[PDB]
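In what follows, a single structure is set out as structure tokens and then discussed.
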Amino acid sequence: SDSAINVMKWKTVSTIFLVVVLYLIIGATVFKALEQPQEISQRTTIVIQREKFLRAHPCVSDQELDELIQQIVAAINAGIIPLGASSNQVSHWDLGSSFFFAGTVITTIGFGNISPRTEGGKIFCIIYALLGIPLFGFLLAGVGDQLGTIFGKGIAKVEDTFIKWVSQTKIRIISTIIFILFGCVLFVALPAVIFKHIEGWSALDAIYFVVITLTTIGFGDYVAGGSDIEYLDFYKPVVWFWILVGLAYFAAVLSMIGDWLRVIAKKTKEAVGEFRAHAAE
Amino acid sequence: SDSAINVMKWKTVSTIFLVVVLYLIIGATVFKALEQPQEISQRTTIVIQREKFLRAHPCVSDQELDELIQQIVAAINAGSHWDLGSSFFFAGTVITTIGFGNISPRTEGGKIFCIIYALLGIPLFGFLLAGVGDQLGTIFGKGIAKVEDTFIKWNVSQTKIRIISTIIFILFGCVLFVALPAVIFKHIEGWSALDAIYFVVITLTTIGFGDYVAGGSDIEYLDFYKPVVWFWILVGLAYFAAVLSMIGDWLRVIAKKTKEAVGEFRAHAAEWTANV
Ligand SMILES: CS(=O)(=O)Nc1ccc(C(=O)NCc2ccc(Cl)cc2Cl)cc1
Ligand SMILES: CS(=O)(=O)Nc1ccc(C(=O)NCc2ccc(Cl)cc2Cl)cc1
Ligand SMILES: CCCCCCCCCCCCCCCC
Ligand SMILES: CCCCCCCCCCCCCCCC
Ligand SMILES: CCCCCCCCCCCC
Ligand SMILES: CCCCCCCCCCCC
Ligand SMILES: CCCCCCCCCC
Ligand SMILES: CCCCCCCC
Ligand SMILES: CCCCCCCC
Ligand SMILES: CCCCCCCC
Ligand SMILES: CCCCCCCC
Ligand SMILES: CCCCC
Ligand SMILES: CCCCC
Ligand SMILES: CCCCC
Ligand SMILES: [K+]
Ligand SMILES: [K+]
Ligand SMILES: [K+]
Ligand SMILES: [K+]
Ligand SMILES: [K+]
């Protein structure tokens with residue numbers, strides 16, 4: 001009965017699909033609740049700034065002012081500092097910043113502050129990604145293993161001394177607390193602190209940046225290394241290492257969260273099974 | 001000997017690490033080769049536009065121009081972006097981890113929710129994309145039963161015909177999830193042929209720079225378009241997940257082969273040099 005299990009499978013995929021549809025709608029409405037207000041205040045007050053300089057200089061043709069801004073915003077995506085007081089500039093595609101970019105491709109973070117303009121750069125980026133991504137995978141997989149076997153020796157010692165007057169599958173609960181507790185210190189708390197100090201971001205922004213980057217979402221609204229500050233270059237390498245090990249960590253963490261849902265889902269599926277079966281007496 | 005296998009493992013991780021380091025350096029140098037030129041041409045010609053705009057409108061003094069650009073850079077950090085739909089789109093960029101980021105949260109609350117929404121969303125989406133995988137896999141599973149019947153009752157038989165199947169997967173696959181959608185994008189968005197395919201690959205690999213985004217400009221869109229892209233993403237992401245996984249396995253193989261080919265090169269360099 002091969003098609004008997006296939007009918008069961010399509011029934012599962014579909015309910016999850018609808019759960020995910022529903023999840024997007026909830027999310028959609030909570031984001032627009034949160035962001036539509038500040039957007040409206042900032043759009044009224046940017047038209048306030050506009051009319052102050054629109055009529056304060058009528059001798060500018062005035063259909064060309066919105067065309068000027070289009071030439072600035074188009075050119076900001078390639079990354080420019082168009083000013084008289086700072087017309088000498090650093091490079092976006094120097095030795096290092098192209099090494100950084102290559103990293104955003106293979107990890108699939110893809111911040112995208114810097115991205116290829118040349119038709120060749122795009123064609124190479126496509127080739128570089130398709131071979132790079134799988135390749136990086138194996139490293140991040142091995143970075144997983146090692147870091148796993150490190151914490152494997154770390155729980156042998158702590159599941160020896162906590163052998164008091166002891167269940168097997170309940171000491172699993174105490175281990176996974178030590179994974180999340182120490183884990184959020186090493187790959188989230190401590191690095192966010194460093195970022196707060198070095199970059200000059202808010203406490204929230206750092207942790208946000210940590211999570212957005214290590215989940216490989218990589219908006220790129222904040223980027224470590226991104227501004228022209230000073231930089232120790234003890235710094236930037238330490239971040240490469242952080243990324244290597246942080247991405248490993250979040251891969252597990254997300255995988256745990258995944259399994260918790262599996263469980264929560266059985267429970268809630270059989271709780272509805274109960275709710276129907278009693279349905280008022 | 002438990003530490004005997006651990007030393008083997010760290011030896012594996014390291015060579016891969018150095019391969020990946022080396023891969024970034026090659027890549028680094030090919031990107032800078034490619035992009036440092038266009039950067040220099042665009043920086044000269046943006047200072048040409050700057051000094052041209054003082055002269056072509058002398059009404060503007062040099063001191064108000066630097067104040068204007070500060071109000072544009074201020075306004076670049078904001079930009080409706082968060083309408084009914086575009087917040088649904090955003091939520092999608094979070095869970096798929098494409099994360100284009102054309103639209104991103106500014107409010108301290110939006111960031112805090114985004115963190116919570118991502119950590120529970122990402123794993124959840126995974127299961128769907130996993131199931132979308134299965135089904136699409138079992139569809140093409142019936143599709144190869146029929147085509148491995150009519151071609152396996154005659155010419156050159158087994159162990160080479162696996163090579164012909166995986167060509168049919170990639171050939172048809174690149175039509176449905178790369179060629180055909182890029183065409184539609186060329187027509188609808190008005191991108192170049194290259195840009196479409198670039199956008200397809202950048203998005204379906206979940207890299208998601210966001211230098212191009214389907215739906216992103218303020219054009220008349222047909223109500224039918226944007227949903228059809230949601231579906232494409234759902235099934236395209238599934239496809240590329242396998243494709244990347246294949247590419248991964250090819251490397252596994254290429255790596256054994258190249259490891260034993262060096263094993264050969266050494267072994268003759270040996271018993272050609274013992275020959276005195
Ligand atoms: C805007 S810029 O391109 O001109 N400036 C730079 C920006 C960032 C970096 C860099 O390497 N940061 C650490 C890092 C490393 C690897 C990965 Cl995947 C992610 C991260 Cl955050 C370097 C230069
Ligand atoms: C400045 S804007 O944000 O308002 N413009 C938009 C940009 C995109 C969309 C949209 O729905 N695109 C289809 C789509 C769906 C889900 C995912 Cl993950 C990716 C994609 Cl490309 C809508 C508006
Ligand atoms: C296991 C219970 C569910 C929630 C556990 C949350 C702990 C991890 C959060 C990491 C954020 C750092 C705290 C903020 C310090 C300024
Ligand atoms: C100084 C400002 C610090 C702000 C700390 C707020 C961070 C809270 C993050 C929420 C943790 C989510 C855990 C549950 C996910 C399953
Ligand atoms: C010891 C591991 C060797 C693996 C090297 C694989 C190199 C892949 C190059 C891809 C050619 C386009
Ligand atoms: C990008 C690198 C292309 C392949 C380079 C060859 C790998 C050398 C290490 C193999 C030793 C077994
Ligand atoms: C600009 C400094 C970056 C040096 C990189 C060193 C570690 C790379 C590991 C992939
Ligand atoms: C976060 C809301 C999910 C609701 C799911 C309902 C499935 C029976
Ligand atoms: C002192 C050890 C450093 C911890 C690794 C993460 C650093 C950003
Ligand atoms: C070299 C033995 C394997 C463990 C090494 C960890 C080094 C950070
Ligand atoms: C099999 C083709 C479906 C996706 C094409 C439309 C996406 C732009
Ligand atoms: C047109 C340049 C091609 C780079 C591989
Ligand atoms: C919020 C989840 C509801 C599942 C029945
Ligand atoms: C707007 C969501 C529809 C997905 C097919
Ligand atoms: K921008
Ligand atoms: K991204
Ligand atoms: K991005
Ligand atoms: K990603
Ligand atoms: K991404």
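No Cβ is skipped: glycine too gets one built from the backbone with ideal geometry, and neighbour counts run over all protein chains shown. Read the figures in this text as sums done on the coordinates, not as results from a lab.
Which Cα, out of A:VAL21, A:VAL272, A:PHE136, lies furthest along the positive dipole direction of chain A (beta carbon charges, K/R +1, D/E -1)?
Most positive-ward Cα: A:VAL272.
Between A:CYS184, A:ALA248, A:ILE173, whose Cα lies farthest towards the positive end of the dipole of chain A when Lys and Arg beta carbons carry +1 and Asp and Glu beta carbons carry -1, centred on the Cα centre?
A:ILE173
Past 26 Å, Cα to Cα: identify those pairs from A:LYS9/B:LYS9; B:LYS11/B:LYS259; A:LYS122/B:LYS259; A:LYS170/A:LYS269; B:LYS111/B:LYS186; B:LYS9/B:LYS256, in the order given. List each step's numbers first, then the result.
Working: A:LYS9/B:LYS9 38 Å; B:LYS11/B:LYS259 14 Å; A:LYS122/B:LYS259 32 Å; A:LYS170/A:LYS269 24 Å; B:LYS111/B:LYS186 34 Å; B:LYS9/B:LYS256 16 Å.
Over 26 Å Cα-Cα: A:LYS9/B:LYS9; A:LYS122/B:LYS259; B:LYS111/B:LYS186.
In the range B:173-276, which GluC sites (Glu not before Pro) are in a loop and have at most 16 other Cβ atoms within 10 Å, using DSSP for the loop call?
Values: sites: B:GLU189, B:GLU220, B:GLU260, B:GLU264, B:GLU271; in loops: B:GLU220.
Listed in order of number, the matching sites are B:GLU220.
Work out Dmax and Rg for chain A from the C-alpha atoms and quote the Rg first, both in angstrom.
25.8, 88
State, to one decimal in nm², a quarter of the convex hull surface area for the C-alpha atoms of the range A:80-126, i.e. the direction-averaged projected area.
On the way: hull surface 15.9 nm².
The number I arrive at for the range A:80-126 is 4.0 nm².
Taking the Cβ of each residue in A:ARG276, A:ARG117, A:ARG262 as the centre, tally the other Cβ atoms inside 10 Å and list the residues starting with the fewest.
On the way: A:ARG276 8, A:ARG117 19, A:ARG262 11.
Starting with the residue having the fewest Cβ neighbours, the order is A:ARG276, A:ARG262, A:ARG117.
FRET efficiency for B:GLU271 and A:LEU147, Cβ-Cβ distance as r, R0 = 25 Å, nearest 0.05? Walk me through the numbers on the way to the answer.
Values: r = 42 Å, r/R0 = 1.70.
Given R0 = 25 Å and the Cβ-Cβ separation, E is 0.05.
So which of A:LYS157/A:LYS236; A:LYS266/B:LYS146; A:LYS236/B:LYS32 end up more than 28 Å apart by C-alpha? Before the final figure, lay out the partial values.
Numbers: A:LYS157/A:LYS236 34 Å; A:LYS266/B:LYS146 38 Å; A:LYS236/B:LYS32 19 Å.
Table pairs above 28 Å Cα-Cα are A:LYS157/A:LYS236; A:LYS266/B:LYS146.
Determine one quarter of the surface area of the Cα convex hull of the protein assembly as shown, which equals its mean projected area, and express it in nm² to one decimal. Provide the component values of the computation, followed by the final result.
Working: hull surface 157.7 nm².
Dividing the Cα hull surface by four gives the mean projection, 39.4 nm².
Could you run the Karplus curve 6.51 cos²θ - 1.76 cosθ + 1.60 with θ = phi - 60° over the range A:27-39 and give me ³J(HN,Hα) per residue in whole Hz, x for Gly and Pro?
Taking θ as phi minus 60°, the curve returns x, 3, 5, 6, 6, 5, 3, 5, 9, 4, x, 4, 4 Hz for the range A:27-39.
Can you work out the Karplus-derived ³J(HN,Hα) for every residue in the range A:91-98? Use 6.51 cos²θ - 1.76 cosθ + 1.60 with θ = phi - 60°, whole Hz, and x for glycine or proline.
Once θ is set to phi - 60°, the couplings for the range A:91-98 become 10, 6, 10, 5, 3, x, 4, 7 Hz.
From the square roots a ≥ b ≥ c of the eigenvalues of the alpha-carbon gyration tensor of the range A:143-228, which class results: rounded (a/c under 1.5), prolate (a/b over b/c), or oblate? Mind showing how you got there, number by number?
Details: a/c = 3.10, a/b = 2.72, b/c = 1.14.
Cα axes put the range A:143-228 in the prolate bin.
Quick one: order B:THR203, B:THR12 by neighbouring beta-carbon count within 10 Å, fewest to most.
Working: B:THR203 27, B:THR12 13.
So the residues, fewest neighbours to most, are B:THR12, B:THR203.
No partner Cβ under 4.7 angstrom, meaning no disulfide-compatible partner by this rule: which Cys of chain B qualify?
B:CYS114, B:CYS174
Please arrange B:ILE202, A:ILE80, A:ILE150 by counting, for each residue, the other beta carbons lying within 10 Å of its beta carbon, fewest first. Let's see the in-between values first.
Values: B:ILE202 28, A:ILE80 19, A:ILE150 9.
So the ranking, lowest neighbour count to highest, is A:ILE150, A:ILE80, B:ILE202.
Just how large is the dipole of the protein assembly as shown about the Cα centre, in debye to the nearest 20, putting +1 at every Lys and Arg Cβ and -1 at every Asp and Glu Cβ? Numbers along the way, then the final one.
Details: 42 positive and 46 negative charges, 413 e Å.
That gives the protein assembly as shown a dipole magnitude of about 1980 debye.
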